[PDB]
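As a starting point, one isolated chain is supplied in structure tokens, in the form deposited in one PDB entry.
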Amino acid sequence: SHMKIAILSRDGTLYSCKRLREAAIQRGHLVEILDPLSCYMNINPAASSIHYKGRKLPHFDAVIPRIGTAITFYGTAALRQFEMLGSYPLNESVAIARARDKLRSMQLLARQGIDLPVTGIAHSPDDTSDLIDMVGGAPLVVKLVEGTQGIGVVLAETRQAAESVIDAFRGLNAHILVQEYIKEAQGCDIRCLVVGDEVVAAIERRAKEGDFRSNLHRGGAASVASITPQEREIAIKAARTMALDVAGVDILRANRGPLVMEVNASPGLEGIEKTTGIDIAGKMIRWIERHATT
């Protein structure tokens, strides 16, 4: 087999290490870890070599992009050139790009029939009351975003809280913002990791006592999870819908049923690997092996 695999990321942390690791072990591939910001290239004379620290990169059979949530325009541009050069990517540029846009993504999932929590979109709404009644929620979650980031979620328990929050962010200096209703659940969401056509690993993220969130560490506490065949199907469908080869789908257990809340094109590996003991980084190299062409 023996591939030259590149890993597009900004440094050596567990996930990037765990595949330098699993690609050198598994069918003895060669691996170079490249900062996308240090690539530079002629986007003109179509294709052309990619340059890195004064030398020309040597042609990778595959590229594993792991692009930051703040470097996504240049990151995917570099990714694109590798694709143009022949490298197989897990998660392709177009799909990664789209994925960062939570709005376009939520829309896409919704159109494709995937059960989400009822969700409003807004920026400078002009009539907060009408916005709150739309969506329905007497208590709901407001999620600030700003461009393509996320900079806060907050629970609004009463009508007035939801009003004061929206009116606050309305001062466009916060820009785009999302409304969806809160849950039964209990600060607990299931995170599935999809690689290709299967859910490779899954954990429960539980919130702390003080309010909810649940986030990785906003007071988070991980534990191994018991996914229903229904939840497994959905998390795969979300990834398929998104055109992601590797993805983190987050699911909320509502009375009505499982609801997708978020999809990630660069899920972290540490918490989910350490929690379950599963070789995820290996299932990704294995996926590359089944699809890249040497």
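Residues that one form lacks are left out of the comparison. One rule holds for the numbers: they count along the sequence shown, beginning at 1. Throughout, rigid core stands for the largest set of C-alpha atoms superposing within 1.5 Å between the two forms.
Same protein, other form: the form deposited in another entry, not shown, and the subject of what follows.
Enquirer: Relative to the superposed core, which single residue of 114, 202, 78, 178 shows a CA shift of 2 Å or more between this form and the one not shown?
Expert: Meeting the 2 Å or more criterion is only 178.
Enquirer: Determine whether the C-alpha of residue 23 shifts by 2 Å or more between this form and the one not shown once the rigid core is superposed.
Expert: Moves: yes, 2 Å or greater.
Enquirer: Using the core for the fit, does the CA position of residue 278 change by 2 Å or more between this form and the one not shown?
Expert: After core superposition, the C-alpha of residue 278 moves less than 2 Å between this form and the one not shown.
Enquirer: Would one find the Cα atoms of residue 15 and residue 245 closer or farther in the other entry than in this form, where their distance changes by 3 Å or more?
Expert: Relative to the shown form, the pair is farther apart.
Enquirer: Relative to what is shown, are the Cα atoms of residue 279 and residue 18 closer or farther apart in the other entry, where the gap shifts by 3 Å or more?
Expert: Distance between the C-alphas of residue 279 and residue 18: longer in the other entry, by 3 Å or more.
Enquirer: Would you please work out which stretches of at least three consecutive shared residues show Cα displacements of 2 Å or more throughout between this form and the one not shown, after fitting on the rigid core?
Expert: Residues 12-27, 171-183 form the runs that move by 2 Å or more between this form and the one not shown.
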